[PDB]
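Shown next: target.pdb, containing PDB, N, CA and C atoms and all ligand atoms.
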ATOM      1  N   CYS A   1    -127.747 329.647 168.515  1.00  0.00           N
ATOM      2  CA  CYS A   1    -128.225 328.415 167.821  1.00  0.00           C
ATOM      3  C   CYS A   1    -127.101 327.581 167.169  1.00  0.00           C
ATOM      4  N   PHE A   2    -127.053 326.279 167.483  1.00  0.00           N
ATOM      5  CA  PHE A   2    -126.185 325.321 166.775  1.00  0.00           C
ATOM      6  C   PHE A   2    -127.069 324.599 165.775  1.00  0.00           C
ATOM      7  N   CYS A   3    -126.931 324.935 164.493  1.00  0.00           N
ATOM      8  CA  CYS A   3    -127.790 324.376 163.430  1.00  0.00           C
ATOM      9  C   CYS A   3    -127.437 322.921 163.098  1.00  0.00           C
ATOM     10  N   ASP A   4    -126.195 322.531 163.381  1.00  0.00           N
ATOM     11  CA  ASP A   4    -125.771 321.153 163.163  1.00  0.00           C
ATOM     12  C   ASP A   4    -126.473 320.207 164.133  1.00  0.00           C
ATOM     13  N   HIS A   5    -127.250 320.769 165.060  1.00  0.00           N
ATOM     14  CA  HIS A   5    -128.118 319.976 165.931  1.00  0.00           C
ATOM     15  C   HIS A   5    -129.162 319.289 165.095  1.00  0.00           C
ATOM     16  N   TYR A   6    -129.527 319.928 163.977  1.00  0.00           N
ATOM     17  CA  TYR A   6    -130.418 319.351 162.964  1.00  0.00           C
ATOM     18  C   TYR A   6    -129.588 318.865 161.771  1.00  0.00           C
ATOM     19  N   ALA A   7    -129.454 317.537 161.675  1.00  0.00           N
ATOM     20  CA  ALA A   7    -128.535 316.854 160.740  1.00  0.00           C
ATOM     21  C   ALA A   7    -128.870 317.001 159.259  1.00  0.00           C
ATOM     22  N   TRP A   8    -127.820 317.130 158.438  1.00  0.00           N
ATOM     23  CA  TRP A   8    -127.964 317.070 156.980  1.00  0.00           C
ATOM     24  C   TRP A   8    -128.437 315.703 156.546  1.00  0.00           C
ATOM     25  N   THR A   9    -129.309 315.681 155.544  1.00  0.00           N
ATOM     26  CA  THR A   9    -129.609 314.462 154.809  1.00  0.00           C
ATOM     27  C   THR A   9    -128.389 314.178 153.962  1.00  0.00           C
ATOM     28  N   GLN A  10    -128.357 313.033 153.300  1.00  0.00           N
ATOM     29  CA  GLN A  10    -127.293 312.785 152.333  1.00  0.00           C
ATOM     30  C   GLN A  10    -127.552 313.604 151.079  1.00  0.00           C
ATOM     31  N   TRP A  11    -126.489 313.917 150.355  1.00  0.00           N
ATOM     32  CA  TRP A  11    -126.609 314.547 149.048  1.00  0.00           C
ATOM     33  C   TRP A  11    -127.403 313.653 148.131  1.00  0.00           C
ATOM     34  N   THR A  12    -128.258 314.236 147.290  1.00  0.00           N
ATOM     35  CA  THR A  12    -128.997 313.445 146.289  1.00  0.00           C
ATOM     36  C   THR A  12    -128.077 312.971 145.160  1.00  0.00           C
ATOM     37  N   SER A  13    -128.526 311.961 144.410  1.00  0.00           N
ATOM     38  CA  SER A  13    -127.839 311.515 143.189  1.00  0.00           C
ATOM     39  C   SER A  13    -128.020 312.572 142.105  1.00  0.00           C
ATOM     40  N   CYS A  14    -127.095 312.615 141.152  1.00  0.00           N
ATOM     41  CA  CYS A  14    -127.035 313.736 140.218  1.00  0.00           C
ATOM     42  C   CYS A  14    -128.195 313.789 139.223  1.00  0.00           C
ATOM     43  N   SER A  15    -128.669 315.000 138.921  1.00  0.00           N
ATOM     44  CA  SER A  15    -129.757 315.199 137.949  1.00  0.00           C
ATOM     45  C   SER A  15    -129.406 314.819 136.495  1.00  0.00           C
ATOM     46  N   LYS A  16    -128.114 314.763 136.169  1.00  0.00           N
ATOM     47  CA  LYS A  16    -127.635 314.242 134.876  1.00  0.00           C
ATOM     48  C   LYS A  16    -126.434 313.328 135.135  1.00  0.00           C
ATOM     49  N   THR A  17    -126.041 312.518 134.151  1.00  0.00           N
ATOM     50  CA  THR A  17    -124.836 311.657 134.279  1.00  0.00           C
ATOM     51  C   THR A  17    -123.590 312.258 133.575  1.00  0.00           C
ATOM     52  N   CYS A  18    -123.807 313.386 132.887  1.00  0.00           N
ATOM     53  CA  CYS A  18    -122.774 314.303 132.351  1.00  0.00           C
ATOM     54  C   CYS A  18    -123.407 315.584 131.745  1.00  0.00           C
ATOM     55  N   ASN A  19    -122.590 316.460 131.156  1.00  0.00           N
ATOM     56  CA  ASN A  19    -122.992 317.847 130.831  1.00  0.00           C
ATOM     57  C   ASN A  19    -123.467 318.650 132.047  1.00  0.00           C
ATOM     58  N   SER A  20    -123.058 318.191 133.230  1.00  0.00           N
ATOM     59  CA  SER A  20    -123.184 318.923 134.496  1.00  0.00           C
ATOM     60  C   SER A  20    -124.625 319.294 134.920  1.00  0.00           C
ATOM     61  N   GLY A  21    -125.177 318.518 135.845  1.00  0.00           N
ATOM     62  CA  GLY A  21    -126.468 318.837 136.446  1.00  0.00           C
ATOM     63  C   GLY A  21    -126.285 319.306 137.876  1.00  0.00           C
ATOM     64  N   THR A  22    -127.345 319.196 138.669  1.00  0.00           N
ATOM     65  CA  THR A  22    -127.300 319.617 140.075  1.00  0.00           C
ATOM     66  C   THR A  22    -127.669 318.481 141.048  1.00  0.00           C
ATOM     67  N   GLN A  23    -127.505 318.723 142.349  1.00  0.00           N
ATOM     68  CA  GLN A  23    -127.895 317.770 143.399  1.00  0.00           C
ATOM     69  C   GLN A  23    -128.089 318.527 144.705  1.00  0.00           C
ATOM     70  N   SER A  24    -128.870 317.969 145.630  1.00  0.00           N
ATOM     71  CA  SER A  24    -129.213 318.701 146.860  1.00  0.00           C
ATOM     72  C   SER A  24    -129.137 317.931 148.197  1.00  0.00           C
ATOM     73  N   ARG A  25    -129.027 318.693 149.291  1.00  0.00           N
ATOM     74  CA  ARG A  25    -129.150 318.195 150.674  1.00  0.00           C
ATOM     75  C   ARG A  25    -129.767 319.275 151.576  1.00  0.00           C
ATOM     76  N   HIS A  26    -130.507 318.834 152.590  1.00  0.00           N
ATOM     77  CA  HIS A  26    -131.258 319.741 153.457  1.00  0.00           C
ATOM     78  C   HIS A  26    -131.232 319.297 154.892  1.00  0.00           C
ATOM     79  N   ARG A  27    -131.267 320.259 155.813  1.00  0.00           N
ATOM     80  CA  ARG A  27    -131.330 319.922 157.231  1.00  0.00           C
ATOM     81  C   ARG A  27    -132.683 319.291 157.566  1.00  0.00           C
ATOM     82  N   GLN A  28    -132.674 318.310 158.469  1.00  0.00           N
ATOM     83  CA  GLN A  28    -133.900 317.673 158.966  1.00  0.00           C
ATOM     84  C   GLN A  28    -134.476 318.480 160.117  1.00  0.00           C
ATOM     85  N   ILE A  29    -135.204 319.530 159.748  1.00  0.00           N
ATOM     86  CA  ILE A  29    -135.717 320.513 160.679  1.00  0.00           C
ATOM     87  C   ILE A  29    -136.970 320.008 161.400  1.00  0.00           C
ATOM     88  N   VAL A  30    -136.969 320.195 162.713  1.00  0.00           N
ATOM     89  CA  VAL A  30    -138.139 319.988 163.555  1.00  0.00           C
ATOM     90  C   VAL A  30    -138.357 321.260 164.417  1.00  0.00           C
ATOM     91  N   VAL A  31    -139.558 321.822 164.344  1.00  0.00           N
ATOM     92  CA  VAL A  31    -139.824 323.164 164.868  1.00  0.00           C
ATOM     93  C   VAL A  31    -140.180 323.201 166.384  1.00  0.00           C
ATOM     94  N   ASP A  32    -139.221 322.831 167.237  1.00  0.00           N
ATOM     95  CA  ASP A  32    -139.458 322.647 168.686  1.00  0.00           C
ATOM     96  C   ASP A  32    -139.127 323.868 169.550  1.00  0.00           C
ATOM     97  N   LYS A  33    -138.910 323.664 170.856  1.00  0.00           N
ATOM     98  CA  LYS A  33    -138.607 324.770 171.783  1.00  0.00           C
ATOM     99  C   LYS A  33    -137.293 325.442 171.383  1.00  0.00           C
ATOM    100  N   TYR A  34    -136.266 324.614 171.220  1.00  0.00           N
ATOM    101  CA  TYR A  34    -134.915 325.040 170.853  1.00  0.00           C
ATOM    102  C   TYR A  34    -134.883 325.869 169.557  1.00  0.00           C
ATOM    103  N   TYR A  35    -135.604 325.404 168.530  1.00  0.00           N
ATOM    104  CA  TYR A  35    -135.703 326.079 167.217  1.00  0.00           C
ATOM    105  C   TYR A  35    -136.341 327.485 167.272  1.00  0.00           C
ATOM    106  N   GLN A  36    -137.531 327.582 167.877  1.00  0.00           N
ATOM    107  CA  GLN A  36    -138.275 328.852 168.005  1.00  0.00           C
ATOM    108  C   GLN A  36    -137.590 329.862 168.943  1.00  0.00           C
ATOM    109  N   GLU A  37    -136.925 329.367 169.991  1.00  0.00           N
ATOM    110  CA  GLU A  37    -136.341 330.231 171.024  1.00  0.00           C
ATOM    111  C   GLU A  37    -134.994 330.814 170.641  1.00  0.00           C
ATOM    112  N   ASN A  38    -134.147 330.009 170.001  1.00  0.00           N
ATOM    113  CA  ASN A  38    -132.776 330.429 169.670  1.00  0.00           C
ATOM    114  C   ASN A  38    -132.626 331.067 168.282  1.00  0.00           C
ATOM    115  N   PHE A  39    -133.774 331.411 167.685  1.00  0.00           N
ATOM    116  CA  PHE A  39    -133.873 332.025 166.361  1.00  0.00           C
ATOM    117  C   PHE A  39    -133.085 331.246 165.306  1.00  0.00           C
ATOM    118  N   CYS A  40    -133.176 329.918 165.359  1.00  0.00           N
ATOM    119  CA  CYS A  40    -132.498 329.080 164.377  1.00  0.00           C
ATOM    120  C   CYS A  40    -133.068 329.328 162.985  1.00  0.00           C
ATOM    121  N   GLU A  41    -134.356 329.673 162.939  1.00  0.00           N
ATOM    122  CA  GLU A  41    -135.053 329.989 161.688  1.00  0.00           C
ATOM    123  C   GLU A  41    -134.424 331.141 160.865  1.00  0.00           C
ATOM    124  N   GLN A  42    -133.841 332.124 161.553  1.00  0.00           N
ATOM    125  CA  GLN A  42    -133.189 333.281 160.915  1.00  0.00           C
ATOM    126  C   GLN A  42    -131.802 332.970 160.327  1.00  0.00           C
ATOM    127  N   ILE A  43    -131.000 332.206 161.067  1.00  0.00           N
ATOM    128  CA  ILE A  43    -129.583 332.022 160.741  1.00  0.00           C
ATOM    129  C   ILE A  43    -129.168 330.623 160.247  1.00  0.00           C
ATOM    130  N   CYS A  44    -130.108 329.696 160.077  1.00  0.00           N
ATOM    131  CA  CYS A  44    -129.731 328.314 159.696  1.00  0.00           C
ATOM    132  C   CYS A  44    -130.014 327.896 158.243  1.00  0.00           C
ATOM    133  N   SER A  45    -129.053 327.200 157.639  1.00  0.00           N
ATOM    134  CA  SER A  45    -129.153 326.785 156.239  1.00  0.00           C
ATOM    135  C   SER A  45    -130.134 325.625 156.039  1.00  0.00           C
ATOM    136  N   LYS A  46    -130.986 325.736 155.024  1.00  0.00           N
ATOM    137  CA  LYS A  46    -132.032 324.747 154.765  1.00  0.00           C
ATOM    138  C   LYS A  46    -131.824 323.930 153.488  1.00  0.00           C
ATOM    139  N   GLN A  47    -131.117 324.493 152.504  1.00  0.00           N
ATOM    140  CA  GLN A  47    -130.920 323.830 151.205  1.00  0.00           C
ATOM    141  C   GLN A  47    -129.558 324.081 150.522  1.00  0.00           C
ATOM    142  N   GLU A  48    -129.106 323.087 149.754  1.00  0.00           N
ATOM    143  CA  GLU A  48    -127.934 323.202 148.882  1.00  0.00           C
ATOM    144  C   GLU A  48    -128.206 322.489 147.539  1.00  0.00           C
ATOM    145  N   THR A  49    -127.985 323.194 146.422  1.00  0.00           N
ATOM    146  CA  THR A  49    -127.994 322.611 145.055  1.00  0.00           C
ATOM    147  C   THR A  49    -126.667 322.952 144.338  1.00  0.00           C
ATOM    148  N   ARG A  50    -126.110 322.027 143.547  1.00  0.00           N
ATOM    149  CA  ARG A  50    -124.744 322.208 142.997  1.00  0.00           C
ATOM    150  C   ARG A  50    -124.363 321.382 141.745  1.00  0.00           C
ATOM    151  N   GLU A  51    -123.129 321.606 141.263  1.00  0.00           N
ATOM    152  CA  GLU A  51    -122.486 320.837 140.168  1.00  0.00           C
ATOM    153  C   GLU A  51    -122.266 319.367 140.534  1.00  0.00           C
ATOM    154  N   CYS A  52    -122.819 318.490 139.704  1.00  0.00           N
ATOM    155  CA  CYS A  52    -122.458 317.082 139.719  1.00  0.00           C
ATOM    156  C   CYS A  52    -122.366 316.588 138.274  1.00  0.00           C
ATOM    157  N   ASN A  53    -121.716 315.439 138.087  1.00  0.00           N
ATOM    158  CA  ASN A  53    -121.337 314.921 136.758  1.00  0.00           C
ATOM    159  C   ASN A  53    -121.049 316.034 135.740  1.00  0.00           C
ATOM    160  N   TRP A  54    -120.020 316.763 136.126  1.00  0.00           N
ATOM    161  CA  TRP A  54    -119.491 318.018 135.613  1.00  0.00           C
ATOM    162  C   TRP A  54    -118.868 317.950 134.241  1.00  0.00           C
ATOM    163  N   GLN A  55    -117.977 316.976 134.059  1.00  0.00           N
ATOM    164  CA  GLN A  55    -117.255 316.760 132.803  1.00  0.00           C
ATOM    165  C   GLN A  55    -118.179 316.988 131.605  1.00  0.00           C
ATOM    166  N   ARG A  56    -117.638 317.427 130.463  1.00  0.00           N
ATOM    167  CA  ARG A  56    -118.422 317.453 129.216  1.00  0.00           C
ATOM    168  C   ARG A  56    -118.849 316.032 128.856  1.00  0.00           C
ATOM    169  N   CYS A  57    -120.105 315.887 128.443  1.00  0.00           N
ATOM    170  CA  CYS A  57    -120.603 314.608 127.972  1.00  0.00           C
ATOM    171  C   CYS A  57    -119.780 314.192 126.789  1.00  0.00           C
ATOM    172  N   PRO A  58    -119.335 312.926 126.760  1.00  0.00           N
ATOM    173  CA  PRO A  58    -118.543 312.454 125.627  1.00  0.00           C
ATOM    174  C   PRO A  58    -119.405 312.371 124.379  1.00  0.00           C
ATOM    175  N   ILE A  59    -118.778 312.530 123.223  1.00  0.00           N
ATOM    176  CA  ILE A  59    -119.499 312.432 121.967  1.00  0.00           C
ATOM    177  C   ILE A  59    -118.840 311.344 121.137  1.00  0.00           C
ATOM    178  N   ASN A  60    -119.634 310.335 120.778  1.00  0.00           N
ATOM    179  CA  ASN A  60    -119.170 309.248 119.928  1.00  0.00           C
ATOM    180  C   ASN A  60    -119.413 309.549 118.452  1.00  0.00           C
ATOM    181  N   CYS A  61    -118.602 308.909 117.612  1.00  0.00           N
ATOM    182  CA  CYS A  61    -118.588 309.115 116.159  1.00  0.00           C
ATOM    183  C   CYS A  61    -119.744 308.415 115.414  1.00  0.00           C
TER
HETATM  184  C1  LIG B 101    -124.656 308.674 131.994  1.00  0.00           C
HETATM  185  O1  LIG B 101    -123.376 308.062 132.122  1.00  0.00           O
HETATM  186  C2  LIG B 101    -122.322 308.515 131.289  1.00  0.00           C
HETATM  187  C3  LIG B 101    -121.202 307.461 131.356  1.00  0.00           C
HETATM  188  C4  LIG B 101    -122.767 308.785 129.837  1.00  0.00           C
HETATM  189  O2  LIG B 101    -122.744 307.555 129.156  1.00  0.00           O
HETATM  190  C5  LIG B 101    -124.161 309.407 129.690  1.00  0.00           C
HETATM  191  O3  LIG B 101    -124.588 309.459 128.331  1.00  0.00           O
HETATM  192  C6  LIG B 101    -125.309 310.650 128.048  1.00  0.00           C
HETATM  193  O4  LIG B 101    -126.584 310.617 128.634  1.00  0.00           O
HETATM  194  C7  LIG B 101    -127.187 311.888 128.658  1.00  0.00           C
HETATM  195  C8  LIG B 101    -128.392 311.826 129.589  1.00  0.00           C
HETATM  196  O5  LIG B 101    -128.593 313.067 130.247  1.00  0.00           O
HETATM  197  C9  LIG B 101    -127.516 312.239 127.208  1.00  0.00           C
HETATM  198  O6  LIG B 101    -127.977 313.572 127.143  1.00  0.00           O
HETATM  199  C10 LIG B 101    -126.261 312.136 126.353  1.00  0.00           C
HETATM  200  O7  LIG B 101    -126.567 312.326 124.982  1.00  0.00           O
HETATM  201  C11 LIG B 101    -125.489 310.844 126.557  1.00  0.00           C
HETATM  202  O8  LIG B 101    -124.228 310.976 125.944  1.00  0.00           O
HETATM  203  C12 LIG B 101    -125.145 308.612 130.554  1.00  0.00           C
HETATM  204  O9  LIG B 101    -126.471 309.109 130.477  1.00  0.00           O
HETATM  205  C1  LIG B 102    -124.144 318.546 157.325  1.00  0.00           C
HETATM  206  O1  LIG B 102    -122.754 318.729 157.135  1.00  0.00           O
HETATM  207  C2  LIG B 102    -122.208 319.650 158.053  1.00  0.00           C
HETATM  208  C3  LIG B 102    -120.790 319.980 157.611  1.00  0.00           C
HETATM  209  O2  LIG B 102    -120.872 320.966 156.602  1.00  0.00           O
HETATM  210  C4  LIG B 102    -122.278 319.050 159.455  1.00  0.00           C
HETATM  211  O3  LIG B 102    -121.870 319.976 160.431  1.00  0.00           O
HETATM  212  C5  LIG B 102    -123.710 318.675 159.790  1.00  0.00           C
HETATM  213  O4  LIG B 102    -123.698 317.978 161.017  1.00  0.00           O
HETATM  214  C6  LIG B 102    -124.386 317.877 158.676  1.00  0.00           C
HETATM  215  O5  LIG B 102    -123.832 316.590 158.667  1.00  0.00           O
HETATM  216  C1  LIG B 103    -122.859 314.672 150.405  1.00  0.00           C
HETATM  217  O1  LIG B 103    -122.004 314.034 149.468  1.00  0.00           O
HETATM  218  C2  LIG B 103    -120.631 314.110 149.762  1.00  0.00           C
HETATM  219  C3  LIG B 103    -119.853 313.430 148.639  1.00  0.00           C
HETATM  220  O2  LIG B 103    -119.516 314.344 147.619  1.00  0.00           O
HETATM  221  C4  LIG B 103    -120.439 313.353 151.069  1.00  0.00           C
HETATM  222  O3  LIG B 103    -119.078 313.229 151.419  1.00  0.00           O
HETATM  223  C5  LIG B 103    -121.221 314.057 152.171  1.00  0.00           C
HETATM  224  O4  LIG B 103    -121.059 313.308 153.354  1.00  0.00           O
HETATM  225  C6  LIG B 103    -122.694 314.089 151.803  1.00  0.00           C
HETATM  226  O5  LIG B 103    -123.178 312.762 151.847  1.00  0.00           O
END

Step by step, read the file and then write its structure as structure tokens.
Amino acid sequence: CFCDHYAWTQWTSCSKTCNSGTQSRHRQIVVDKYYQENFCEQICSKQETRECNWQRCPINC
């Protein structure tokens, strides 16, 4: 199975604008002949969540 046959969406915009939140992207899966036959379901990545707007949030006086 070539999982890149099913394209990544774009990464989402960040859950926060600082103090570090998360964001995600997922393959655009369609459950066809190729998917069921080549066991893409067992070995292919479906989700990613991660660090975005990482820096410590600034604090004003
Ligand atoms: C997003 O952009 C940055 C430039 C900051 O100005 C952020 O301010 C912070 O906003 C968060 C919202 O999650 C508040 O919790 C913070 O108190 C505030 O400093 C801005 O939201
Ligand atoms: C998601 O990004 C990967 C690289 O990690 C590509 O192989 C894939 O085609 C999709 O764009
Ligand atoms: C997710 O976001 C990264 C930027 O950090 C892109 O380069 C990638 O193509 C995908 O859109």

Resolved residues for the PyMOL selection byres (((not hetatm)) within 8 of (chain B and resi 102)) as a PyMOL selection string: chain A and resi 3-10+26-27

Protein/DNA/RNA residues near (-129.1, 326.3, 150.7), cut 12 Å, only C-alpha atoms, as an NGL selection string: :A and (8 or 23-27 or 43-50)

Excluding residue 22 (chain A) and any residue of its chain fewer than 2 positions from it, enumerate the residues within 5 Å of it, using all atoms listed in the file, and give them as a short mmCIF file (atom, residue, chain, number, x, y, z; two decimals) with N, CA and C atoms, keeping the file's coordinate frame.
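New file selection-v7.cif:
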data_model
loop_
_atom_site.label_atom_id
_atom_site.label_comp_id
_atom_site.auth_asym_id
_atom_site.auth_seq_id
_atom_site.Cartn_x
_atom_site.Cartn_y
_atom_site.Cartn_z
N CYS A 14 -127.10 312.62 141.15
CA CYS A 14 -127.04 313.74 140.22
C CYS A 14 -128.20 313.79 139.22
N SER A 15 -128.67 315.00 138.92
CA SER A 15 -129.76 315.20 137.95
C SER A 15 -129.41 314.82 136.50
N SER A 20 -123.06 318.19 133.23
CA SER A 20 -123.18 318.92 134.50
C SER A 20 -124.62 319.29 134.92
N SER A 24 -128.87 317.97 145.63
CA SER A 24 -129.21 318.70 146.86
C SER A 24 -129.14 317.93 148.20
N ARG A 50 -126.11 322.03 143.55
CA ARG A 50 -124.74 322.21 143.00
C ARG A 50 -124.36 321.38 141.74
N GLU A 51 -123.13 321.61 141.26
CA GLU A 51 -122.49 320.84 140.17
C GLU A 51 -122.27 319.37 140.53
N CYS A 52 -122.82 318.49 139.70
CA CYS A 52 -122.46 317.08 139.72
C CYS A 52 -122.37 316.59 138.27
#

Grab all the atoms of ligand LIG 101 (chain B) that the file lists, wrap them in a box along x, y and z, add 5 Å per side, and give me centre plus edge lengths in Å (one decimal) as lines of an AutoDock Vina configuration file.
center_x = -124.9
center_y = 310.5
center_z = 128.6
size_x = 17.4
size_y = 16.1
size_z = 17.1

Result set of the PyMOL selection byres (((chain A and resi 56) around 6) and not hetatm) on the coordinates above, as a PyMOL selection string: chain A and resi 18-19+54-55+57-58

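Among the candidates A:42, A:35, A:17, A:53, the one nearest to ligand LIG 103 (chain B) when counting only C-alpha atoms and all ligand atoms is A:53.
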
Atom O7 of ligand LIG 101 (chain B) to CA of residue 12 (chain A), distance in Å rounded to a single decimal: 21.5 Å

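For the atom pair formed by atom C4 of ligand LIG 101 (chain B) and atom N of residue 21 (chain A), the distance is 11.7 Å, given to one decimal.
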
Taking the chain letters and numbering used in this document, name the residues of region 15-60 of chain A that DSSP puts in helix (DSSP H, G or I), as a PDB file with N, CA and C atoms, in the coordinates of the input.
ATOM      1  N   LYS A  33    -138.910 323.664 170.856  1.00  0.00           N
ATOM      2  CA  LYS A  33    -138.607 324.770 171.783  1.00  0.00           C
ATOM      3  C   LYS A  33    -137.293 325.442 171.383  1.00  0.00           C
ATOM      4  N   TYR A  34    -136.266 324.614 171.220  1.00  0.00           N
ATOM      5  CA  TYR A  34    -134.915 325.040 170.853  1.00  0.00           C
ATOM      6  C   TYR A  34    -134.883 325.869 169.557  1.00  0.00           C
ATOM      7  N   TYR A  35    -135.604 325.404 168.530  1.00  0.00           N
ATOM      8  CA  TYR A  35    -135.703 326.079 167.217  1.00  0.00           C
ATOM      9  C   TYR A  35    -136.341 327.485 167.272  1.00  0.00           C
ATOM     10  N   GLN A  36    -137.531 327.582 167.877  1.00  0.00           N
ATOM     11  CA  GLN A  36    -138.275 328.852 168.005  1.00  0.00           C
ATOM     12  C   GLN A  36    -137.590 329.862 168.943  1.00  0.00           C
ATOM     13  N   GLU A  37    -136.925 329.367 169.991  1.00  0.00           N
ATOM     14  CA  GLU A  37    -136.341 330.231 171.024  1.00  0.00           C
ATOM     15  C   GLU A  37    -134.994 330.814 170.641  1.00  0.00           C
ATOM     16  N   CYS A  40    -133.176 329.918 165.359  1.00  0.00           N
ATOM     17  CA  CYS A  40    -132.498 329.080 164.377  1.00  0.00           C
ATOM     18  C   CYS A  40    -133.068 329.328 162.985  1.00  0.00           C
ATOM     19  N   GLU A  41    -134.356 329.673 162.939  1.00  0.00           N
ATOM     20  CA  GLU A  41    -135.053 329.989 161.688  1.00  0.00           C
ATOM     21  C   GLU A  41    -134.424 331.141 160.865  1.00  0.00           C
ATOM     22  N   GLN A  42    -133.841 332.124 161.553  1.00  0.00           N
ATOM     23  CA  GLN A  42    -133.189 333.281 160.915  1.00  0.00           C
ATOM     24  C   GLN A  42    -131.802 332.970 160.327  1.00  0.00           C
ATOM     25  N   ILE A  43    -131.000 332.206 161.067  1.00  0.00           N
ATOM     26  CA  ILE A  43    -129.583 332.022 160.741  1.00  0.00           C
ATOM     27  C   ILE A  43    -129.168 330.623 160.247  1.00  0.00           C
TER      28      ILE A  43
END

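Note that CA of residue 61 (chain A) and atom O8 of ligand LIG 101 (chain B) are 11.4 Å apart.
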
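Each of A:34, A:16, A:1, A:11 was checked against ligand LIG 101 (chain B) using only C-alpha atoms and all ligand atoms; the smallest atom-to-atom distance is that of A:16.
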